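Only one chain is given next, in structure tokens, and it is the form solved without ligand MSR.
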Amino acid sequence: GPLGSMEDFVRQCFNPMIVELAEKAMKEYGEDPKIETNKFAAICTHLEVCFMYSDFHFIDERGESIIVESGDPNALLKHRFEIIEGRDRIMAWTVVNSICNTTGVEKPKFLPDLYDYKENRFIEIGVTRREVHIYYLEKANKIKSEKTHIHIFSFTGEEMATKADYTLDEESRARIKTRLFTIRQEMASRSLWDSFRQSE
């Protein structure tokens, strides 16, 4: 087949808010989305996963955890997750600080991806083109000390999470894995996949 551009794939296959947030994140760290293109696509993917992880999950009027797929939820419902990723550094730490003072949870040394109000913990999400156990160990060894929960997804459907605790129901994680499969398949049809996989 013909080789497509990863730029084209990213703008066609991710929603514009994700793409924009990804561009902003790369600029913030001095990376150009038009050169580190595989990285661009990885950052978009990771962002989307963070959003999909939190999608639909609320804490009900009584304070337990429920799933609603409407577009208009009950306005007394609280979002189960805070989303830290996608925010610029100042706002990300502002949110982390607010969570920590309120819930009294310990302050992390690096910005995590999410906060889970049900489980009362920060979450580090990862999406890897390699084996989940290796990526898992890399992440665990970076965070130094841990209350932060780690949840790793791969493009082939494997997961690994701290203490074999996967946080979400199978259906939610299936949505995410289905999306990752679709990303991989679409990259493959544009002949972008083998390279994307090898660049991590």
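Note that residue numbering begins at 1 and tracks the sequence as displayed. We call the rigid core the largest set of C-alpha positions that still match within 1.5 Å between the two forms.
- Item | More variable segment, 29-37 or 141-149 [Cα RMS over structures in 5 other deposited structures of this protein, core-superposed] | Stretch with the higher C-alpha RMS distance in 5 other deposited structures of this protein: 141-149.
- Task: Compare 70-78 with 108-116 and report which one shows the larger root mean square C-alpha deviation from this form in 5 other deposited structures of this protein once the rigid core is superposed.
- Result: Once the core is superposed, the stretch further away in 5 other deposited structures of this protein is 70-78.
- According to the deposited model, is the average Cα temperature factor higher in 73-81 or in 113-121? The deposited B-factors put 73-81 ahead on the C-alpha mean.
- Please work out which of 148-156 and 57-65 has the higher mean CA B-factor as recorded in the PDB entry. Result: 57-65.
- Message: For the CA B factor values reported in this entry, which option in 143, 49, 41, 168 has the top one?
- Response: Across 143, 49, 41, 168, the entry lists the biggest C-alpha B-factor for 143.
- Task: Going by the CA temperature factor in the entry, name the top one among 174, 26, 161, 134.
- Result: That would be 134, according to the entry.
- Task: Divide the modelled residues of the chain into thirds by Cα B-factor and specify which third, lowest, middle or highest, holds residue 87.
- Result: As the PDB entry reports it, the C-alpha B-factor of residue 87 lands in the lowest third of its chain.
- Message: How does the C-alpha B factor of residue 127 compare with the rest of the chain: lowest, middle or highest third?
- Response: For residue 127, whose C-alpha B-factor we compare with every modelled residue in the chain, the answer is the lowest third.
Not on display, but discussed next: the form solved in complex with ligand MSR.
- in the deposited bound form, which of the stretches 19-27, 186-194, 173-181, 6-14 has residues with heavy atoms within 4.5 Å of ligand MSR? Selected stretch: 19-27.
- Query: Is it true that 39, 43 and 47 each have at least one non-hydrogen atom within 4.5 Å of ligand MSR in the deposited bound form?
  - Reply: Yes, each of 39, 43 and 47 comes within 4.5 Å of ligand MSR in the deposited bound form.
- Task: Evaluate residue 79 for contact with ligand MSR in the deposited bound form, applying a 4.5 angstroms cut-off between non-hydrogen atoms, and reply yes or no.
- Result: No, residue 79 is distant from the partner.
- Should residue 87 be counted as a contact of ligand MSR in the deposited bound form, where contact means heavy atoms within 4.5 Å? Flag for residue 87 set to yes.
- Any chance residue 158 has a heavy atom within 4.5 Å of ligand MSR in the deposited bound form? Looking in the deposited bound form, residue contacts with ligand MSR do not include residue 158, since no heavy atom lies within 4.5 Å.
- Message: Since only the chain is shown here, I'm wondering whether residue 31 would be in contact with ligand MSR in the deposited bound form (any heavy atom pair within 4.5 Å).
- Response: Because a heavy atom of residue 31 falls inside 4.5 Å of ligand MSR in the deposited bound form, the answer is yes.
- Taking heavy atoms and a 4.5 Å limit, what residues of 162-200 are near ligand MSR in the deposited bound form? Nothing in the stretch sits within 4.5 Å of the partner.
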